[PDB]
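Presented below, as structure tokens, is a lone chain in the form deposited in one PDB entry.
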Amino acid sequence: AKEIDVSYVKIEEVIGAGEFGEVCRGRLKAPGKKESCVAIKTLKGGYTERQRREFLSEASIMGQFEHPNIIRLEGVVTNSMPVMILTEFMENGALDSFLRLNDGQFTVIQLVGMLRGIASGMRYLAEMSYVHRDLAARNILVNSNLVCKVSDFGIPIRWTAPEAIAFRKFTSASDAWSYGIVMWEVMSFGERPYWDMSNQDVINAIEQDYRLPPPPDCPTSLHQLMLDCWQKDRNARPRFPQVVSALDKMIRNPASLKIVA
């Protein structure tokens, strides 16, 4: 629905590499509108015709959404080559590597505001009956004001709920499990979940009631919220409306974030 003329894009600088090509920063400018900043995903010569429709599957599903915590589709370039998806440019890049860079350097309140934006984007996706399946801190992007936005549209054992591993039943409740792992990643400044362990070590521990402990300095009520998301029984996990309001309660009552083991 958003076919964009190729003379309207100036590619400026490579900034990353997604699974099927380079990712660049750039400028978009169409007649009658302001110039804006965009990220540009490309797919260069040499690919199948179902590989092309899977690249562009990202843009079709992404053009469905409109929410301040979901990355925006500016448009596509298909009628020519190279093929392109244009999205919103995100100054502080991926969330896990942004926090490792900034380790120990943001307040609990700021970290909670990140998690509340991600939960809000999750709450909106669940309301539209879209199940993400790949929620992880590496698929959340951060802009100049620290606003967090879910990307990656279109299995990661340690982010995935038990019943989704065993039976391939992927729901919003299994996304809630993945969300609790994102809480842990955020509160541990981008440490890798289950550090040392292998995928089968992780699965064996979970089935045997092991759960990631609180990160150093982590409020007790954030950890409980993680443990609520990690219940074996998928129907006892909080849904995302409940998650966002638990976090809102923390932000209005910041004396509850001072208490720790």
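So that the term is clear: the rigid core is the largest set of C-alpha atoms that superpose within 1.5 Å between two forms. One rule holds for the numbers: they count along the sequence shown, beginning at 1.
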item	value
Coordinates lacking for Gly45, a third or more of other entries	yes
Length class of the unmodelled deposited segment, which would lie between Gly154 and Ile155	10 or more
Comparing 79-87 with 104-112, the one whose average Cα B-factor in the PDB entry is higher	79-87
Which of 41-49 and 228-236 has higher mean CA B factor, as the PDB entry lists it	41-49
Out of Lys34, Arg211, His223, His67, highest CA B-factor residue	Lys34
Ranked against its chain, the third holding the CA B-factor of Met250	middle
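Below: the form deposited in another entry, not depicted.
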item	value
Moved residue between the shown form and the other one - picked from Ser60, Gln224, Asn199, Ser36, where its Cα shifts 2 angstroms or more relative to the rigid core	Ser36
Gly18 C-alpha shift between the shown form and the other one of 2 Å or more, rigid core reference	yes
